[PDB]
$ cat structure-v9.csv   # CSV, C-alpha atoms (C1' of nucleotides)
chain,number,residue,atom,x,y,z
H,1,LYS,CA,23.0,6.3,-16.9
H,2,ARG,CA,23.7,5.9,-13.2
H,3,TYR,CA,22.4,9.4,-12.5
H,4,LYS,CA,19.2,8.7,-14.4
H,5,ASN,CA,18.6,5.4,-12.7
H,6,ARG,CA,19.1,7.2,-9.3
H,7,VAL,CA,16.3,9.5,-10.4
H,8,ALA,CA,14.1,6.6,-11.4
H,9,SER,CA,14.6,4.7,-8.1
H,10,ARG,CA,13.5,7.8,-6.2
H,11,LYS,CA,10.4,8.1,-8.4
H,12,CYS,CA,9.6,4.4,-8.1
H,13,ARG,CA,9.9,4.4,-4.3
H,14,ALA,CA,7.8,7.5,-3.9
H,15,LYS,CA,5.3,5.9,-6.4
H,16,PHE,CA,5.4,3.9,-4.5
H,17,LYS,CA,5.4,5.7,-1.1
H,18,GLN,CA,2.5,7.9,-2.3
H,19,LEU,CA,0.7,4.9,-3.7
H,20,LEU,CA,0.8,3.2,-0.3
H,21,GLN,CA,-0.3,6.4,1.5
H,22,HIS,CA,-3.2,6.7,-1.0
H,23,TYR,CA,-4.6,3.1,-0.6
H,24,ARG,CA,-4.2,3.4,3.1
H,25,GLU,CA,-6.6,6.4,3.1
H,26,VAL,CA,-9.0,5.0,0.5
H,27,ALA,CA,-9.3,1.7,2.5
H,28,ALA,CA,-10.2,3.8,5.6
H,29,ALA,CA,-12.6,6.1,3.6
H,30,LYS,CA,-14.4,3.1,2.0
H,31,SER,CA,-14.6,1.4,5.4
H,32,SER,CA,-16.2,4.4,7.1
H,33,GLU,CA,-18.6,4.8,4.2
H,34,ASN,CA,-19.5,1.1,4.5
H,35,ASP,CA,-20.4,1.9,8.2
H,36,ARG,CA,-22.5,4.9,7.2
H,37,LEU,CA,-24.5,3.0,4.6
H,38,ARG,CA,-25.1,0.1,7.0
H,39,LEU,CA,-26.5,2.6,9.5
H,40,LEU,CA,-28.6,4.5,7.1
H,41,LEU,CA,-30.1,1.3,5.8
H,42,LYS,CA,-30.9,0.3,9.3
H,43,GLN,CA,-32.5,3.7,10.0
H,44,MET,CA,-34.8,3.3,7.0
H,45,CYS,CA,-35.4,-0.4,7.4
H,46,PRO,CA,-35.3,-0.9,11.2
H,47,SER,CA,-36.6,-4.5,10.6
H,48,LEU,CA,-33.8,-5.6,8.3
H,49,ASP,CA,-30.8,-7.6,9.5
H,50,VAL,CA,-28.1,-6.0,7.3
H,51,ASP,CA,-25.2,-7.9,8.9
H,52,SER,CA,-26.8,-11.1,7.9
H,53,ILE,CA,-27.5,-10.1,4.3
H,54,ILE,CA,-24.2,-8.4,3.4
H,55,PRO,CA,-21.7,-9.9,5.9
H,56,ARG,CA,-19.0,-7.5,7.2
H,57,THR,CA,-15.4,-7.9,6.0
H,58,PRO,CA,-12.4,-7.6,8.3
H,59,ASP,CA,-9.9,-4.7,7.9
V,1,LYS,CA,26.4,-8.1,9.1
V,2,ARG,CA,25.7,-8.2,5.4
V,3,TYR,CA,23.7,-11.4,5.7
V,4,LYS,CA,21.4,-10.0,8.4
V,5,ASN,CA,20.7,-6.8,6.5
V,6,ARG,CA,20.1,-8.7,3.3
V,7,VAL,CA,17.3,-10.5,5.2
V,8,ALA,CA,15.9,-7.4,6.8
V,9,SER,CA,15.8,-5.7,3.4
V,10,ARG,CA,13.7,-8.5,1.9
V,11,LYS,CA,11.5,-8.4,5.0
V,12,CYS,CA,11.0,-4.6,4.9
V,13,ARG,CA,10.0,-4.8,1.2
V,14,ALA,CA,7.6,-7.7,1.8
V,15,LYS,CA,5.9,-5.9,4.6
V,16,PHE,CA,5.9,-2.7,2.4
V,17,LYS,CA,4.7,-4.6,-0.7
V,18,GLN,CA,2.4,-6.7,1.6
V,19,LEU,CA,1.0,-3.6,3.4
V,20,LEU,CA,0.2,-2.1,0.0
V,21,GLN,CA,-1.4,-5.2,-1.3
V,22,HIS,CA,-3.4,-5.5,2.0
V,23,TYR,CA,-4.9,-2.0,1.9
V,24,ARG,CA,-5.7,-2.5,-1.7
V,25,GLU,CA,-7.6,-5.6,-0.9
V,26,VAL,CA,-9.4,-4.1,2.0
V,27,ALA,CA,-10.3,-1.1,-0.1
V,28,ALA,CA,-11.6,-3.3,-2.9
V,29,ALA,CA,-13.5,-5.5,-0.5
V,30,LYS,CA,-15.2,-2.5,1.2
V,31,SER,CA,-16.1,-0.9,-2.2
V,32,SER,CA,-17.9,-4.0,-3.5
V,33,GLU,CA,-19.7,-4.3,-0.2
V,34,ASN,CA,-20.7,-0.6,-0.3
V,35,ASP,CA,-22.1,-1.0,-3.8
V,36,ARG,CA,-24.3,-3.9,-2.6
V,37,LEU,CA,-25.5,-1.8,0.3
V,38,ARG,CA,-26.3,1.1,-2.0
V,39,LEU,CA,-28.3,-1.2,-4.3
V,40,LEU,CA,-30.2,-2.8,-1.3
V,41,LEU,CA,-31.2,0.7,-0.1
V,42,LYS,CA,-32.4,1.7,-3.5
V,43,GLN,CA,-34.5,-1.4,-3.9
V,44,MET,CA,-35.8,-1.0,-0.3
V,45,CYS,CA,-36.3,2.7,-0.3
V,46,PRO,CA,-36.7,3.6,-4.1
V,47,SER,CA,-37.7,7.2,-3.5
V,48,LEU,CA,-34.5,8.1,-1.6
V,49,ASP,CA,-31.5,10.0,-2.9
V,50,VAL,CA,-28.8,8.3,-1.0
V,51,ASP,CA,-26.0,9.9,-3.0
V,52,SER,CA,-27.1,13.2,-1.7
V,53,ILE,CA,-26.8,11.9,1.9
V,54,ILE,CA,-23.7,9.8,1.5
V,55,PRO,CA,-21.9,10.4,-1.9
V,56,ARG,CA,-19.8,7.6,-3.4
V,57,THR,CA,-16.2,7.6,-2.2
V,58,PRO,CA,-13.8,8.5,-5.1
V,59,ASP,CA,-12.2,5.0,-5.2
M,1,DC,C1',19.9,-5.5,16.6
M,2,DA,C1',16.1,-5.0,13.7
M,3,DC,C1',13.9,-1.5,10.4
M,4,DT,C1',14.0,1.6,6.5
M,5,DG,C1',15.6,5.1,3.2
M,6,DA,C1',18.2,5.5,-0.8
M,7,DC,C1',22.1,4.1,-4.5
M,8,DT,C1',23.5,0.7,-7.6
M,9,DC,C1',23.1,-3.3,-10.6
M,10,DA,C1',20.9,-6.3,-13.6
M,11,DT,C1',16.4,-7.4,-15.6
Z,1,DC,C1',12.0,3.7,-18.1
Z,2,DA,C1',10.4,0.9,-14.2
Z,3,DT,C1',11.5,-2.3,-10.4
Z,4,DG,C1',13.3,-6.4,-7.4
Z,5,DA,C1',17.3,-7.2,-4.6
Z,6,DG,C1',22.1,-6.5,-2.3
Z,7,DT,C1',24.4,-3.0,0.0
Z,8,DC,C1',25.5,0.9,3.1
Z,9,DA,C1',24.1,4.6,6.2
Z,10,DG,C1',20.9,6.4,9.2
Z,11,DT,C1',16.9,5.5,12.3
$ encode --input "structure-v9.csv" --output "structure tokens"
Amino acid sequence: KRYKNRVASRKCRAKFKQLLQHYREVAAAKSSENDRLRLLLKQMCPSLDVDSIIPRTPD
Amino acid sequence: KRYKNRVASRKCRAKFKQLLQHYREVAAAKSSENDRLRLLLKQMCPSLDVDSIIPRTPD
DNA sequence: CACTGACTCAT
DNA sequence: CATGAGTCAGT
């Protein structure tokens, strides 16, 4: 029982460690994409104040 | 030093759990913002395949 | 000396 | 079976 719990803790922690690694990457990827879409919208609509419409969020 | 480490453990787990929650929130915040940007560009430049220029990030 | 990985216990 | 917390060992 002790052995099996030792296996489950390792798994939980990695689930956890990989889960943290995953959301750290996605947060960055989504943030960079957000920057790309804001620039593309600006290129197509040079007269539109994007930052005023869809305010930026911190990171 | 059992008291000190007990405290540091809780702290390390709060950071880790906090860090994870933080990135998750940033990722979710950016995603919703990006969806609003993609819609704005569609309704501003209807005849433009944005997905072929900047595909959606696999959440 | 504080931070963190990993084992154990109790949920 | 998964996880929050105390503990020990290593960073």
$ interface_residues --input "structure-v9.csv" --of "chain V" --to "chain M" --cutoff "12 Å" --atoms "only C-alpha atoms (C1' of nucleotides)" --output "compact mmCIF listing (two decimals) with C-alpha atoms, keeping the file's coordinate frame"
# COMPACT_ATOMS: atom_id res chain seq x y z
CA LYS V 1 26.40 -8.10 9.10
CA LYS V 4 21.40 -10.00 8.40
CA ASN V 5 20.70 -6.80 6.50
CA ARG V 6 20.10 -8.70 3.30
CA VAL V 7 17.30 -10.50 5.20
CA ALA V 8 15.90 -7.40 6.80
CA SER V 9 15.80 -5.70 3.40
CA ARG V 10 13.70 -8.50 1.90
CA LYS V 11 11.50 -8.40 5.00
CA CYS V 12 11.00 -4.60 4.90
CA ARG V 13 10.00 -4.80 1.20
CA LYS V 15 5.90 -5.90 4.60
CA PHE V 16 5.90 -2.70 2.40
$ atom_distance --input "structure-v9.csv" --atom1 "CA of residue 58 (chain V)" --atom2 "CA of residue 56 (chain H)"
20.8 Å
$ interface_residues --input "structure-v9.csv" --of "chain V" --to "chain H" --cutoff "6 Å" --atoms "only C-alpha atoms" --output "PyMOL selection string"
chain V and resi 20+23-24+26-27+30+34
$ calpha_fit_and_write --input "structure-v9.csv" --fixed "chain H" --moving "chain V" --output "PDB file with C-alpha atoms, in the coordinates of the input"
ATOM      1  CA  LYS V   1      24.054   6.692 -15.796  1.00  0.00           C
ATOM      2  CA  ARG V   2      24.238   6.848 -12.037  1.00  0.00           C
ATOM      3  CA  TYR V   3      22.399  10.155 -11.922  1.00  0.00           C
ATOM      4  CA  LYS V   4      19.463   8.875 -13.992  1.00  0.00           C
ATOM      5  CA  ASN V   5      19.051   5.728 -11.925  1.00  0.00           C
ATOM      6  CA  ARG V   6      19.313   7.674  -8.707  1.00  0.00           C
ATOM      7  CA  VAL V   7      16.250   9.621  -9.939  1.00  0.00           C
ATOM      8  CA  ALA V   8      14.352   6.598 -11.117  1.00  0.00           C
ATOM      9  CA  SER V   9      14.952   4.922  -7.757  1.00  0.00           C
ATOM     10  CA  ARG V  10      13.412   7.843  -5.861  1.00  0.00           C
ATOM     11  CA  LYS V  11      10.550   7.854  -8.366  1.00  0.00           C
ATOM     12  CA  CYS V  12       9.883   4.089  -8.086  1.00  0.00           C
ATOM     13  CA  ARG V  13       9.781   4.362  -4.259  1.00  0.00           C
ATOM     14  CA  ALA V  14       7.467   7.390  -4.338  1.00  0.00           C
ATOM     15  CA  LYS V  15       5.069   5.677  -6.637  1.00  0.00           C
ATOM     16  CA  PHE V  16       5.407   2.492  -4.441  1.00  0.00           C
ATOM     17  CA  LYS V  17       5.063   4.471  -1.181  1.00  0.00           C
ATOM     18  CA  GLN V  18       2.409   6.687  -2.923  1.00  0.00           C
ATOM     19  CA  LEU V  19       0.464   3.663  -4.296  1.00  0.00           C
ATOM     20  CA  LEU V  20       0.395   2.227  -0.777  1.00  0.00           C
ATOM     21  CA  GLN V  21      -0.690   5.418   0.803  1.00  0.00           C
ATOM     22  CA  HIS V  22      -3.382   5.816  -1.949  1.00  0.00           C
ATOM     23  CA  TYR V  23      -5.004   2.407  -1.443  1.00  0.00           C
ATOM     24  CA  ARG V  24      -4.919   2.968   2.235  1.00  0.00           C
ATOM     25  CA  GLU V  25      -6.782   6.167   1.842  1.00  0.00           C
ATOM     26  CA  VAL V  26      -9.284   4.758  -0.536  1.00  0.00           C
ATOM     27  CA  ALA V  27      -9.833   1.823   1.767  1.00  0.00           C
ATOM     28  CA  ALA V  28     -10.328   4.106   4.753  1.00  0.00           C
ATOM     29  CA  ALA V  29     -12.611   6.399   2.819  1.00  0.00           C
ATOM     30  CA  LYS V  30     -14.818   3.493   1.612  1.00  0.00           C
ATOM     31  CA  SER V  31     -14.990   1.962   5.155  1.00  0.00           C
ATOM     32  CA  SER V  32     -16.269   5.165   6.782  1.00  0.00           C
ATOM     33  CA  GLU V  33     -18.767   5.551   3.983  1.00  0.00           C
ATOM     34  CA  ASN V  34     -19.915   1.914   4.377  1.00  0.00           C
ATOM     35  CA  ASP V  35     -20.441   2.409   8.098  1.00  0.00           C
ATOM     36  CA  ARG V  36     -22.699   5.423   7.389  1.00  0.00           C
ATOM     37  CA  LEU V  37     -24.651   3.381   4.883  1.00  0.00           C
ATOM     38  CA  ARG V  38     -25.051   0.542   7.356  1.00  0.00           C
ATOM     39  CA  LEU V  39     -26.336   2.962  10.016  1.00  0.00           C
ATOM     40  CA  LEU V  40     -28.790   4.653   7.509  1.00  0.00           C
ATOM     41  CA  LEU V  41     -30.229   1.210   6.635  1.00  0.00           C
ATOM     42  CA  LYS V  42     -30.660   0.295  10.237  1.00  0.00           C
ATOM     43  CA  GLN V  43     -32.439   3.511  11.057  1.00  0.00           C
ATOM     44  CA  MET V  44     -34.558   3.169   7.863  1.00  0.00           C
ATOM     45  CA  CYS V  45     -35.244  -0.497   8.044  1.00  0.00           C
ATOM     46  CA  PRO V  46     -34.800  -1.355  11.849  1.00  0.00           C
ATOM     47  CA  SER V  47     -36.104  -4.896  11.560  1.00  0.00           C
ATOM     48  CA  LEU V  48     -33.486  -5.984   8.987  1.00  0.00           C
ATOM     49  CA  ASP V  49     -30.373  -8.045   9.591  1.00  0.00           C
ATOM     50  CA  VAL V  50     -28.100  -6.510   7.089  1.00  0.00           C
ATOM     51  CA  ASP V  51     -25.003  -8.256   8.414  1.00  0.00           C
ATOM     52  CA  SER V  52     -26.551 -11.495   7.462  1.00  0.00           C
ATOM     53  CA  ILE V  53     -27.025 -10.230   3.868  1.00  0.00           C
ATOM     54  CA  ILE V  54     -23.808  -8.307   3.503  1.00  0.00           C
ATOM     55  CA  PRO V  55     -21.303  -8.993   6.405  1.00  0.00           C
ATOM     56  CA  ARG V  56     -18.764  -6.309   7.328  1.00  0.00           C
ATOM     57  CA  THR V  57     -15.546  -6.519   5.328  1.00  0.00           C
ATOM     58  CA  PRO V  58     -12.591  -7.540   7.610  1.00  0.00           C
ATOM     59  CA  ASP V  59     -10.825  -4.136   7.275  1.00  0.00           C
TER      60      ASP V  59
END
$ atom_distance --input "structure-v9.csv" --atom1 "CA of residue 3 (chain H)" --atom2 "CA of residue 14 (chain V)"
26.8 Å
$ interface_residues --input "structure-v9.csv" --of "chain Z" --to "chain V" --cutoff "12 Å" --atoms "only C-alpha atoms (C1' of nucleotides)" --output "VMD selection string"
chain Z and resid 3 to 9
$ atom_distance --input "structure-v9.csv" --atom1 "CA of residue 47 (chain H)" --atom2 "CA of residue 39 (chain V)"
17.4 Å
$ axis_aligned_box --input "structure-v9.csv" --around "region 1-10 of chain M" --padding-each-side "5 Å" --output "JSON"
{"center_x": 18.7, "center_y": -0.4, "center_z": 1.5, "size_x": 19.6, "size_y": 21.8, "size_z": 40.2}
$ decode --input "structure-v9.csv" --residues "chain V" --atoms "C-alpha atoms" --output "PDB file, in the first residue's frame"
ATOM      1  CA  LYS V   1      14.171  23.279  12.369  1.00  0.00           C
ATOM      2  CA  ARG V   2      10.963  21.288  11.862  1.00  0.00           C
ATOM      3  CA  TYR V   3       8.815  24.403  12.308  1.00  0.00           C
ATOM      4  CA  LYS V   4      10.730  26.435   9.722  1.00  0.00           C
ATOM      5  CA  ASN V   5      10.575  23.720   7.087  1.00  0.00           C
ATOM      6  CA  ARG V   6       6.891  23.113   7.738  1.00  0.00           C
ATOM      7  CA  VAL V   7       6.362  26.787   6.868  1.00  0.00           C
ATOM      8  CA  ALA V   8       8.641  26.720   3.815  1.00  0.00           C
ATOM      9  CA  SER V   9       6.849  23.608   2.517  1.00  0.00           C
ATOM     10  CA  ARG V  10       3.469  25.347   2.674  1.00  0.00           C
ATOM     11  CA  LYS V  11       5.031  28.374   1.006  1.00  0.00           C
ATOM     12  CA  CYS V  12       6.643  26.359  -1.799  1.00  0.00           C
ATOM     13  CA  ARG V  13       3.322  24.589  -2.484  1.00  0.00           C
ATOM     14  CA  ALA V  14       1.372  27.863  -2.472  1.00  0.00           C
ATOM     15  CA  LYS V  15       3.782  29.471  -4.934  1.00  0.00           C
ATOM     16  CA  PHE V  16       3.663  26.190  -7.016  1.00  0.00           C
ATOM     17  CA  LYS V  17      -0.122  25.939  -6.829  1.00  0.00           C
ATOM     18  CA  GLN V  18      -0.307  29.740  -7.164  1.00  0.00           C
ATOM     19  CA  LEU V  19       2.052  29.799 -10.157  1.00  0.00           C
ATOM     20  CA  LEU V  20      -0.052  27.155 -11.870  1.00  0.00           C
ATOM     21  CA  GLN V  21      -3.300  28.974 -11.166  1.00  0.00           C
ATOM     22  CA  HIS V  22      -1.671  32.219 -12.349  1.00  0.00           C
ATOM     23  CA  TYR V  23      -0.541  30.880 -15.743  1.00  0.00           C
ATOM     24  CA  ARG V  24      -3.915  29.219 -16.176  1.00  0.00           C
ATOM     25  CA  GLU V  25      -5.653  32.552 -15.621  1.00  0.00           C
ATOM     26  CA  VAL V  26      -3.290  34.408 -17.955  1.00  0.00           C
ATOM     27  CA  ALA V  27      -3.810  31.743 -20.633  1.00  0.00           C
ATOM     28  CA  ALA V  28      -7.590  31.933 -20.278  1.00  0.00           C
ATOM     29  CA  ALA V  29      -7.555  35.732 -20.250  1.00  0.00           C
ATOM     30  CA  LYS V  30      -5.457  35.899 -23.435  1.00  0.00           C
ATOM     31  CA  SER V  31      -7.552  33.260 -25.214  1.00  0.00           C
ATOM     32  CA  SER V  32     -10.803  35.154 -24.699  1.00  0.00           C
ATOM     33  CA  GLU V  33      -9.110  38.351 -25.838  1.00  0.00           C
ATOM     34  CA  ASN V  34      -7.786  36.607 -28.946  1.00  0.00           C
ATOM     35  CA  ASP V  35     -11.230  35.302 -29.834  1.00  0.00           C
ATOM     36  CA  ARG V  36     -12.582  38.848 -29.634  1.00  0.00           C
ATOM     37  CA  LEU V  37      -9.752  40.060 -31.875  1.00  0.00           C
ATOM     38  CA  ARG V  38     -10.406  37.305 -34.421  1.00  0.00           C
ATOM     39  CA  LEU V  39     -14.076  38.231 -34.528  1.00  0.00           C
ATOM     40  CA  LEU V  40     -13.342  41.946 -34.863  1.00  0.00           C
ATOM     41  CA  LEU V  41     -11.027  41.266 -37.806  1.00  0.00           C
ATOM     42  CA  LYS V  42     -13.644  39.050 -39.438  1.00  0.00           C
ATOM     43  CA  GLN V  43     -16.333  41.723 -39.147  1.00  0.00           C
ATOM     44  CA  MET V  44     -13.860  44.405 -40.253  1.00  0.00           C
ATOM     45  CA  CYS V  45     -12.223  42.467 -43.083  1.00  0.00           C
ATOM     46  CA  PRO V  46     -14.825  39.773 -44.005  1.00  0.00           C
ATOM     47  CA  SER V  47     -12.923  38.481 -47.042  1.00  0.00           C
ATOM     48  CA  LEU V  48      -9.750  37.562 -45.150  1.00  0.00           C
ATOM     49  CA  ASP V  49      -8.674  34.095 -44.050  1.00  0.00           C
ATOM     50  CA  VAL V  50      -6.965  35.031 -40.783  1.00  0.00           C
ATOM     51  CA  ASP V  51      -6.666  31.390 -39.721  1.00  0.00           C
ATOM     52  CA  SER V  52      -4.374  30.834 -42.712  1.00  0.00           C
ATOM     53  CA  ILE V  53      -2.207  33.717 -41.512  1.00  0.00           C
ATOM     54  CA  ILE V  54      -2.359  33.127 -37.767  1.00  0.00           C
ATOM     55  CA  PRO V  55      -3.957  29.752 -36.913  1.00  0.00           C
ATOM     56  CA  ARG V  56      -5.697  29.316 -33.560  1.00  0.00           C
ATOM     57  CA  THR V  57      -3.373  28.305 -30.699  1.00  0.00           C
ATOM     58  CA  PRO V  58      -4.247  24.719 -29.462  1.00  0.00           C
ATOM     59  CA  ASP V  59      -5.445  25.944 -26.044  1.00  0.00           C
TER      60      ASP V  59
END
